[PDB]
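Shown next as structure tokens: one chain only, the form deposited in one PDB entry.
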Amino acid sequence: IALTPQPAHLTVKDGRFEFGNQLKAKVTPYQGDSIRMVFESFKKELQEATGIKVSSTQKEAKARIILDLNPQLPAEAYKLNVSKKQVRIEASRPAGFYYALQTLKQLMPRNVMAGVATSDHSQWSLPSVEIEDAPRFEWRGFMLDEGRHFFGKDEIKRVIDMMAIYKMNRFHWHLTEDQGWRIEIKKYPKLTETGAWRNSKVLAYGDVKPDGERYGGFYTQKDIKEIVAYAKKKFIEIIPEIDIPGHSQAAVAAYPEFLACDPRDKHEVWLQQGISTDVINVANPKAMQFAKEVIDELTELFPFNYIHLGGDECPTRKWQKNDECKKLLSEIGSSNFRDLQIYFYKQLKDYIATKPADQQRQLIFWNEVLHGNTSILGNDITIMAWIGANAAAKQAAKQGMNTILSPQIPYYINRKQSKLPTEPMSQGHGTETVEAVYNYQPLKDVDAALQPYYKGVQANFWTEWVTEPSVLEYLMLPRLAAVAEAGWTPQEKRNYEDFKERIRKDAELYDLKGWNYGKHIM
């Protein structure tokens, strides 16, 4: 038995459940048939991998598989009880059933989770077990940067597939950057017409120069909707990030006349890595209108109730030199230009609050926003803590803000996972091994009183250096599974050597899916 993430409670019992060629299942009709829909999708996956067919019964006595509603269980929790006679699953919500069925598949040979038939197995069974399971953290995330390099819909579906294996539930889509803007906005076509294309594939840094090759791409709104729907089937919600008002050089290049602090200078999509001073003019009324209208479009495309507005690495230099910005700073009664960033967010937060309930969104920010007078903005925000993350998360929690931990080290899984010279180019020097990732303890030394604010964990994947899907996958796996387990499994049940033995069994899964992965611990 090799389950990842490790469930909260597992007892191995006597004997095995034998599937046979077909069997009857009883599935609760409640919750507007949503649980039957989860089960129908599982039936497809089971048949693909094993050829087993499942029929429906109302009779518990005839049911070899039963899915029952238990309202007492948390939203992502389940019980999975396998005996010789019956598989019994209990959960309170569709996601719980989905995760129970993920665990069920993981109890079978790896091809079942892979969704691929092989010649190896003839008869299918499950070990008898009693499992009660629920995630430690409600937010178990992966972020992909497509601003730096663009991967496109097929690869994002693969990413979602990888996340779902390990019960991750939040995909953070970093779609906008200095070096590219990757989402069609109908009201602002130049964001893609200008911002989605640039004259270099590689991004310059240090002595590395731009390459003069035309490079880019973007998602249509139709593509966005398809991906959102795909992720929903695997109980992954998508949080879009429009990183503003820093990391916005592509947008400024598209609409300099009102977004630039210095509109008489040239503005182009950045062909370099690093930190740009070409930030949005937060004091220009048309810039405010632009941000509102972008948020409006996001609300149409992304149903999840959170939006990420970024706020990392936003130099104030260009604001200090802008008369609109200087006028606004005095008007808001501050002498710190950082407060223009916070005031900008406050205006957007207020705008969102004007909308009907279903269109309202909670806001997430990178932790640098804590350096402003956040009383301007209030504490009903979420802080994604990435730089000095432990300290930043604690500061957020002390202020009553929710926090998500995405520490640069070791949860930036674009970073090298080995010191071997033959590793592909990415950030870091090979210290972010699977072991290092797994050994991070999100709540170490966090006061009991602050722990409720810690909503979970996220691995982030920045693509300055990473251009090819094979390399993305190589760097993602298997470290993604370590973060997934950190998000799911209670700390007291986490053990690196145990994880290593279990994750080794997934090499077969990756091979069957044609996913690349780091081989260092395999």
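The term rigid core refers to the maximal set of C-alpha atoms that superpose within 1.5 Å between the two forms. Numbering starts at 1 and follows the sequence shown.
- For the pair 458 to 466 and 489 to 497, the mean B factor over Cα atoms is greater in 489 to 497.
- When the C-alpha B-factors of 142 to 150 and 282 to 290 are averaged, 282 to 290 comes out higher.
- Of the candidates 317, 201, 182, 234, the PDB record gives 317 the highest C-alpha temperature factor.
- Per the PDB entry, 379 shows the highest C-alpha temperature factor of the residues 418, 414, 169, 379.
- Ranked within its chain, residue 135 lands in the lowest third, by CA B factor from the PDB record.
- Sorting the modelled residues of the chain by their CA temperature factor places residue 362 in the middle third.
- Sort the chain's modelled residues by C-alpha temperature factor and residue 88 lands in the middle third, per the entry.
- Residue 163 sits in the lowest third of its chain by CA B factor, as recorded in the PDB entry.
- Ranked within its chain, residue 341 lands in the middle third, by CA B factor from the PDB record.
As for the form deposited in another entry, it is not shown, yet the points below apply to it.
- Of the residues checked (194, 382, 334, 408), the rigid-core alignment between this form and the one not shown shows a Cα shift of at least 2 Å for 334 alone.
- Core-superposed comparison between this form and the one not shown: the C-alpha position of residue 422 differs by less than 2 Å.
- After superposition on the rigid core, the Cα atom of residue 233 is displaced by less than 2 Å between this form and the one not shown.
- After superposition on the rigid core, the Cα of residue 293 moves by less than 2 Å between this form and the one not shown.
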